[PDB]
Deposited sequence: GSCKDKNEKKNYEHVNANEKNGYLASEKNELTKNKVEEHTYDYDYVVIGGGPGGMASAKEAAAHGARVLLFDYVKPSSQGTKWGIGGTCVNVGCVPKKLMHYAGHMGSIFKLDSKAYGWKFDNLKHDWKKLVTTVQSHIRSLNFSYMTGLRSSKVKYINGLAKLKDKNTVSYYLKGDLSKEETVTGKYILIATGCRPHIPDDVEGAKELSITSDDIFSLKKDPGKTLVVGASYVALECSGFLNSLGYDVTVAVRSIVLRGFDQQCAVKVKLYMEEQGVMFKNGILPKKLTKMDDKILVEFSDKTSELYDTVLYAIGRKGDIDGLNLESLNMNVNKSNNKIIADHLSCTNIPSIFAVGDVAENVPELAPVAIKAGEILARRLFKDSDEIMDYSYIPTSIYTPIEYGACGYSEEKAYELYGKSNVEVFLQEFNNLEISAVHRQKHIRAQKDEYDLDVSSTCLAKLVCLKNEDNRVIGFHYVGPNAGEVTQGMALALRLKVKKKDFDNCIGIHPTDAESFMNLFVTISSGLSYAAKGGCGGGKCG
């Protein structure tokens, strides 16, 4: 009618993509934007967003490389295997990782045209409630109109501005997976699942890794398991600086001089910041429409309907506040919105009992409620916990037939196990059913 496109998505990640290929799968004409702003270290990559280029894919691949070395050094010789001169080539791992990422970048290209979604390689910005201005990447504007707009820009790794040298001298998850030079003696700053996973496979590869955590590691997860992971990581050679953080970074002849709140200065080889990520919003001119944005984390504020502060606009994925930063949790929410918008669907997003799996030296799969968080919502009185690397932790409700609220496992292949249990939780499994299984 009087709109260039019915569906104008901003961001080519799993979410934005997942929704586009869905809106076009129901007739609607969809225009999709995706442009990778270079990292703080000038690193760039192809179409696919975070998960593919600097997330799940490269992360898991790296992990595997680290797990091999771990298997060789711990078990290999005990199981009758004999080998000589065991060494690891960093550049070989990267070339393999980056090679695979590129074969996906192309695999996703030939995917858009197949779904017939007009893809433009340019960074977009909000011109008007129904209009989207953009720059094709030289900068000359080009405007477009759409019946509905989706914001799926996700987030980008956060680096502190108050810390002198941090921004310029350190790297992030954005750079590590395509890093040319050897990581060398590495300092990892943060306690996220990313921070521990990175310092996790770096240590397994045989690097001098050191993690600086302000307070706790894996905040948001069950802390009885979090502590077991940290202890294990410490036994494997990962050293933690508890309560100490970098105050300033200085260059010293191809080495980084890090000064901690400790007043202690230990010069490292590579500094990696993984203190969290904040939504990529600053370039979307949102103040011009007074959108509901969370200042703390820079995310769009979205109701479960996925509707924004403005009726015309929507938000899905890592940009939405309180929405778990997972590839799958982002794909579905995008699928549903497409049906809500173009198939007159009545289904709404389900954010409960989604399983996450941290790929640390010792894996930690989690689905449902933490123990402590289950106490806040239901109280110790009404919450019962059971144990049942063969450790498993089941958190269930006292008052309603010990129905399982949460499930946590710190063991080999936790990712695999937790995924199955996740479906059992949705079917409202109960301890009764477990012991009798």
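Spell out the unmodelled ranges of the deposited sequence for me, N- to C-terminal, numbering from the first residue.
In sequence order, the gaps with no modelled C-alpha are 1 to 38, 176 to 177, 429 to 457, 507 to 542.
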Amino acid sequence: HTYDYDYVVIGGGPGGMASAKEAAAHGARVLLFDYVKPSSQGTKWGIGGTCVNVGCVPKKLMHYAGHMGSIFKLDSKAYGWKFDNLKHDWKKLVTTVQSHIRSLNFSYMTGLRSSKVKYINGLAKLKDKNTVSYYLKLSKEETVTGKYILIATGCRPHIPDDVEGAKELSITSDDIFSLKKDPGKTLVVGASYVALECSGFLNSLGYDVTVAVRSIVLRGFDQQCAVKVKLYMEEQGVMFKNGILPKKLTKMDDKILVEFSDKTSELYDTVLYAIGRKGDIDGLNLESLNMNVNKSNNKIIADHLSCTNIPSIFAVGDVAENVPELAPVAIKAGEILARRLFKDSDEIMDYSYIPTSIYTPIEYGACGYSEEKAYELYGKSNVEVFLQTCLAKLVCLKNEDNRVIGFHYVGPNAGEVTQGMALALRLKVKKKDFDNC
From here on, numbers count along this sequence of modelled residues.
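With reference to the PDB entry, specify whether the mean Cα temperature factor is higher for 5 to 13 or for 413 to 421.
According to the PDB entry, the answer is 5 to 13.
Which of the two stretches, 98 to 106 or 160 to 168, shows the higher mean Cα temperature factor in the record?
If you average the C-alpha B-factors of 98 to 106 and of 160 to 168, the larger mean comes out for 160 to 168.
Per the entry's Cα B factor values, which of 189, 327, 366, 117 stands out as the maximum?
Highest CA B-factor of the listed options: 117.
For the listed 148, 273, 240, 81, which has the peak Cα B-factor recorded in the PDB entry?
In the PDB entry, the greatest C-alpha B-factor among 148, 273, 240, 81 is found at 148.
Lowest, middle or highest third: where is residue 220 by Cα B-factor in its chain?
Middle third by C-alpha B-factor.
Mind checking which third residue 354 falls in for C-alpha B-factor across the chain?
Middle third by C-alpha B-factor.
Splitting the chain's C-alpha B-factors into thirds, which one does residue 53 fall into?
Answer is lowest: the recorded C-alpha B-factor places it there.
With respect to C-alpha B-factor, does residue 290 fall in the lowest, middle or highest third of the chain as deposited?
As the PDB entry reports it, the C-alpha B-factor of residue 290 lands in the highest third of its chain.
By the recorded C-alpha temperature factor, relative to the other modelled residues in its chain, which third is residue 318 in?
Answer is middle: the recorded C-alpha B-factor places it there.
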